[PDB]
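This report concerns only the one structure given below.
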Amino acid sequence: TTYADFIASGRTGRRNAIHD
Amino acid sequence: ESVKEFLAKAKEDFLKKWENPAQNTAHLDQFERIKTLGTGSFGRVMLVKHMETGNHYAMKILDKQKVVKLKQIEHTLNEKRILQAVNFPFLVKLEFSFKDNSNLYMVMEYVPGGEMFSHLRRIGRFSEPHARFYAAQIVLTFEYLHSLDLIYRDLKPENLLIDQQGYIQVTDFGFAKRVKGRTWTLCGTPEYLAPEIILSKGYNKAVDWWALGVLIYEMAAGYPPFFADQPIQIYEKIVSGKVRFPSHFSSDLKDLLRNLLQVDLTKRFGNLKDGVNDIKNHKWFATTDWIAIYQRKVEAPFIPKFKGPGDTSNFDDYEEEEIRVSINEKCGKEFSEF
Ligand SMILES: c1ccc2c(-c3ccncc3)n[nH]c2c1
């Protein structure tokens with residue numbers, strides 16, 4: 001499921017802004 | 001229209017402060033430092049108590065030398081200049097700012113309930129009505145901000161604090177900018193970036209409306225529409241033209257989203273000739289009472305637990321670290337206007 005793919009991904013914690 | 005008239009008055013109010021910003025309205029020694037609520041590559045945010053009033057604040061501390069290394073000087077001046085000048089119920093309140101030899105400080109009123117991000121991740125996803133309550137507040141806020149020629153550029157649940165009445169305060173203005181034309185800086189957060197930002201075109205406030213679609217999707221789904229383990233893979237997804245909705249999304253929700261997450265600017269909601277009204281008048285929003293939302297008269301889906309004044313249990317724990325203030329002024333000319 002997409003939910004399972006999300007939870008197993010490295011992007012479920014707070015996400016940093018980017019720039020440059 | 002009374003909205004126009006509201007917004008005209010709002011603009012007079014803002015321009016007076018924009019053009020004559022408050023400077024140097026407290027000193028670090030007036031505050032008792034309690035606990036770190038967050039850290040980042042150029043500073044940190046701490047809970048503090050203002051001794052003279054006993055009020056609690058979140059004080060953002062920015063190391064000037066780190067701001068300069070990261071090329072964030074203009075962005076940091078934007079942040080303080082805009083924040084001191086705006087006034088809207090869904091915006092964090094900047095009560096004081098000042099600077100010393102080492103650091104810049106922005107002291108905001110403390111929102112103890114924490115970030116939407118925490119409560120969303122823990123609970124998993126919000127019901128459509130719960131999402132819509134939050135989305136309404138962002139809709140009003142952006143209408144306010146954009147009318148003032150301001151682009152916010154970092155919409156995400158991480159920046160949306162939940163107050164004691166369960167209403168939002170937007171924080172983290174470090175990418176907000178007052179711009180009448182188009183602009184070009186690559187900034188924001190990967191999952192929230194509009195296609196035109198990724199593709200290095202000039203862009204405008206429509207990027208905030210694309211980010212709204214990302215937010216509503218993530219609130220109602222529990223995960224963003226475009227995710228992968230690496231930012232480059234997220235960017236390919238965003239530009240691709242393709243979004244899938246959970247089967248639980250109402251068909252109206254899906255139609256808002258297809259219009260908000262529109263790769264094509266002449267088609268993007270919030271960016272058309274009727275502007276924000278395309279969004280406020282959408283069917284997904286037909287039960288929203290815009291004035292009662294503004295007045296905070298609608299009952300919230302959720303009120304954070306409050307143990308008392310000064311509680312930090314809605315924020316994560318961070319290693320504490322001395323605040324050392326140099327005996328020498330750093331970067332004085334860079335931050336002269338702060
Ligand atoms: C990291 C942690 C907390 C905050 C806040 C904050 C939290 C509570 N009250 C006002 C601002 N703004 N920006 C942040 C970044």
Side-chain angles (χ1 to χ4, degrees), chain A residues 13-19, chain B residues 25-26 31-50 53-63 66-67 70 72 75-76 78-80 82-84 86-98 103-122 134 137-138 141 145 152-176 187-189 192 302-321 323:
Chain A
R14 279 177 193 86
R15 296 157 287 205
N16 301 147
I18 54 80
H19 51 253
Chain B
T25 54
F31 296 93
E32 191 200 1
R33 284 164 257 145
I34 302 178
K35 202 185 183 298
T36 299
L37 314 170
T39 56
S41 31
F42 51 103
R44 71 182 29 234
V45 174
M46 297 193 78
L47 217 209
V48 299
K49 187 165 210 168
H50 188 48
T53 60
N55 295 318
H56 293 276
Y57 294 101
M59 166 191 279
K60 175 170 296 194
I61 311 185
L62 280 7
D63 175 325
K66 299 185 171 194
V67 182
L70 284 157
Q72 284 315 295
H75 285 167
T76 294
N78 290 341
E79 177 167 20
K80 182 250 157 169
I82 297 170
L83 264 196
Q84 61 90 35
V86 290
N87 162 236
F88 200 64
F90 315 120
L91 286 172
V92 79
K93 291 210 278 170
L94 178 70
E95 285 297 325
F96 312 97
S97 76
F98 49 93
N103 298 319
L104 312 160
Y105 299 90
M106 287 178 269
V107 183
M108 296 163 282
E109 155 185 313
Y110 185 50
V111 180
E115 307 173 347
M116 191 198 280
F117 174 86
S118 298
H119 301 288
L120 181 64
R121 289 294 178 277
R122 176 176 72 244
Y134 291 139
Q137 296 167 59
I138 301 310
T141 301
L145 290 174
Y152 169 67
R153 306 197 288 190
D154 196 24
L155 187 68
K156 57 184 173 187
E158 285 91 317
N159 289 355
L160 305 182
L161 305 165
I162 301 317
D163 72 20
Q164 295 165 52
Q165 283 184 283
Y167 278 77
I168 274 161
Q169 316 231 290
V170 187
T171 195
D172 288 357
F173 274 65
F175 294 132
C187 55
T189 294
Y192 279 75
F302 157 62
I303 274 52
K305 31 64 147 197
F306 297 114
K307 293 40 134 76
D311 167 71
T312 52
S313 63
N314 294 309
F315 294 85
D316 287 2
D317 298 318
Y318 294 86
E319 31 111 286
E320 295 306 326
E321 205 193 281
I323 313 297

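Remember, it's 1-based here, ligands and their atoms both numbered in the order they're listed. In what follows, chains carry the letters A, B, and so on, assigned in the order in which the sequence lines appear, proteins first and then strands, with residues in each chain numbered from 1.
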Identified side chain to side chain contact (heavy atoms under 4.5 Å, CB included) counterpart of B:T39 within the set B:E321, B:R44, B:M46
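It is B:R44; the other options fail the test.
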For B:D154 and A:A17, indicate whether the former's side chain and the latter's backbone hold a donor-acceptor pair under 3.5 Å.
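No: the side chain of B:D154 does not pair with the backbone of A:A17.
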Say whether, by atom type as modelled, one donor and one acceptor occur between the side chain of B:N55 and the main chain of B:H50 under 3.5 angstrom.
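The answer is no, because no donor-acceptor pair under 3.5 Å joins these two groups.
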May I ask you to say whether B:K60 pairs ionically with B:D172, meaning some side-chain N is under 4.0 Å from a carboxylate O?
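Looking at B:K60 and B:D172, the cut-off is met.
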N-O pairing of B:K35 and B:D317 below 4.0 Å
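Salt bridge: yes.
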Identify each donor-acceptor pair in which a side-chain atom of residues 86-98 of chain B lies under 3.5 Å from a protein atom, sequence neighbours left out, and give them as a table.
none

When you check ligand 1 against the protein, what N or O pairs turn up below 3.5 Å? List the atom names and distances, or just say none.
unit_1   : atom_1 : unit_2 : atom_2 : d
ligand 1 : 9 (N)  : B:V111 : N      : 2.8
ligand 1 : 12 (N) : B:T171 : OG1    : 2.8
ligand 1 : 13 (N) : B:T171 : OG1    : 3.3
ligand 1 : 13 (N) : B:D172 : OD1    : 2.7

